[PDB]
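**Q** Quick one: this structure, given as structure tokens, is what I'll be asking you about.
Because the Cβ atoms are built from the backbone with ideal geometry, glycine has one as well, and the counts that use them run over all protein chains shown. Each reported figure results from applying straightforward, stated rules to the coordinates on display, with no laboratory input.
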Amino acid sequence: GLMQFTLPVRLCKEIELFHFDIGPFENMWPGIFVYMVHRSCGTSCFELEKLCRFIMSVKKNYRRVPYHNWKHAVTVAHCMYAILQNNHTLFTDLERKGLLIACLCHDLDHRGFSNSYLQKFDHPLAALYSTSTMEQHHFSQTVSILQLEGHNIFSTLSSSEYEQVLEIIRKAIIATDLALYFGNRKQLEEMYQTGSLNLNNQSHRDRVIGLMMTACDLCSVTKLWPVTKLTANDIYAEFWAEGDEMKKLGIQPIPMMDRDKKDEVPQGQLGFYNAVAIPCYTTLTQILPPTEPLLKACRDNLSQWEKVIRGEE
Ligand SMILES: CCc1ncc(C)c2nc(CCc3nc(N4CCCC4)nn3C)nn12
Ligand SMILES: [Mg+2]
Ligand SMILES: [Zn+2]
């Protein structure tokens, strides 16, 4: 009730910045998350006992894969926190509650494989969920954990507030399917420019929350260069394992997933910043001016990938 979470001074300060790294101390990650909910949402959003038990069940249902792990979940939630704190007055009480939870839960029980590989392997999830296969799974795992005895952190919301929050979380999690992102950003691009973007239109909020989700999910490209470069090693460690598995099914993987194209990583990173990252943070900054530090950090890391291609590092 009177029990604030504090962080050591360097974290207490650096956690407010977009580029904050949550560090290698796994055991501090829960407290970092609780700290961020408490400042973002207030100390009264969740019963602490329930929140702690929910965080620990979420943790247990992330797998020890090189990239889509518990560290990624808490990274994507810290970026959402940064966005929320810098756009204080644009979001509802329920949106602040829901989105930090959505981000912690967005990759629950990920196996290190793309929706594509699940479809070619003919994994059972691919017959339960024909598109956004893993993302429909992540949402389903969220609801499961919320239904555990003692884990309903939303148990004080009205019957209809509860339904609104689970609907924000579902759309938020589905929007992390990067196949949906391209169309979502194109439509936001058009509506912003033609002046039709309206934050009272619920379907517009949805789009804008979807772009925030993609921005948070891609936030490794917005870190200090050494964080960005070492996270790319984890990202390709999964992709290349998937490439291996594709070759086991008799299928040439795409170059992104072929470890025989190690040499081309720098140029693949350029494609990705140009096709995906920069456009994402550009459109995000237009709609939400105070997120510009994500665009500016992303541009910095593109320029570092340019330097790598030129032998300069
Ligand atoms: C959400 C996906 C994602 N989030 C963050 C990051 C940093 C990220 N990087 C990549 C791979 C990008 C890429 N690599 C290649 N290569 C490598 C050598 C030949 C082809 N092609 N492409 C397009 N995805 N990704
Ligand atoms: Mg995902
Ligand atoms: Zn993710």
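**Q** With axes computed from alpha carbons, what is the tilt in degrees of helix 93-105 against the longest principal axis of the chain, rounded to the nearest 10 within 0 to 90?
**A** For 93-105 against the chain, the angle is about 40 degrees.
**Q** For the range 1-54, run through the GluC sites (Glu not before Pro) and keep only the ones in DSSP coil with at most 14 other Cβ atoms within 10 Å of their Cβ.
**A** 16
**Q** At a Cα cut-off below 14 Å, give the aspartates and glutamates reachable from residue 171, other chains included and same-chain residues fewer than 8 away excluded.
**A** Partners within reach: 95, 107, 135, 163, 206.
**Q** Translational D (Stokes-Einstein, µm²/s) of the range 62-182 at 25 °C and 0.890 mPa s when Rh comes from the Kirkwood sum over C-alpha pairs?
**A** 161
**Q** Still on this structure, I have one more. Quote the charge dipole size of the range 200-285 about the Cα centre in Debye, to the nearest 20; the model charges only the Cβ of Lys and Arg (+1) and of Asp and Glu (-1).
**A** Computed about the Cα centre, the dipole is about 260 debye.
**Q** Using only the Cα atoms, work out Rg/Rh for the range 236-275, with Rh taken as the Kirkwood radius, to two decimals.
**A** That ratio is 1.01, to two decimals.
**Q** Moving to a separate point now. Could you tell me whether the range 195-313 comes out rounded, prolate or oblate from its Cα gyration tensor? Rule is a ≥ b ≥ c as square roots of the eigenvalues, rounded for a/c under 1.5, then prolate if a/b exceeds b/c, otherwise oblate.
**A** Since a/c reaches 1.5 but b/c is at least a/b, the shape of the range 195-313 is classed as oblate.
**Q** Continuing with the same structure: Output needed: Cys residues of the chain lacking any neighbouring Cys C-beta below 4.7 Å, sorted by number.
**A** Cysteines lacking a close Cβ partner in the chain: 12, 52, 103, 105, 280, 298.
**Q** Okay, moving on. Rg and Dmax in Å for the range 139-227, alpha carbons only: what are they?
**A** Over the range 139-227's Cα set, Rg and Dmax evaluate to 16.0, 49 Å.
**Q** Where a Cα-Cα gap under 27 Å defines reach, which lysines qualify for residue 307, not counting those fewer than 8 residues away within the same chain?
**A** 223, 229, 261, 262, 296
**Q** Going by alpha carbons, how many degrees (0 to 90, nearest 10) lie between the helix axis of 159-174 and the longest principal axis of the chain?
**A** Taking the Cα atoms of the chain, the angle to 159-174 is about 10 degrees.
**Q** At q = 0.13 Å⁻¹, what log₁₀ I(q)/I(0) does a Debye calculation on the Cα points of the range 28-310 give, no solvent, two decimals?
**A** -0.92
**Q** Continuing with the same structure: How large is ³J(HN,Hα) for each residue in the range 60-72, as worked out from phi by the Karplus curve 6.51 cos²θ - 1.76 cosθ + 1.60 (θ = phi - 60°), to whole Hz, x for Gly and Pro?
**A** Running phi through 6.51 cos²θ - 1.76 cosθ + 1.60 with θ = phi - 60° gives 4, 9, 8, 9, 8, 9, x, 10, 7, 10, 4, 4, 4 Hz.
**Q** Report the semi-axes of the equivalent ellipsoid for the range 29-76 in whole Å, largest first, where each axis is √(5λ) for an eigenvalue λ of the Cα gyration tensor.
**A** After diagonalising the Cα gyration tensor, the semi-axes are 22, 12, 6 Å.
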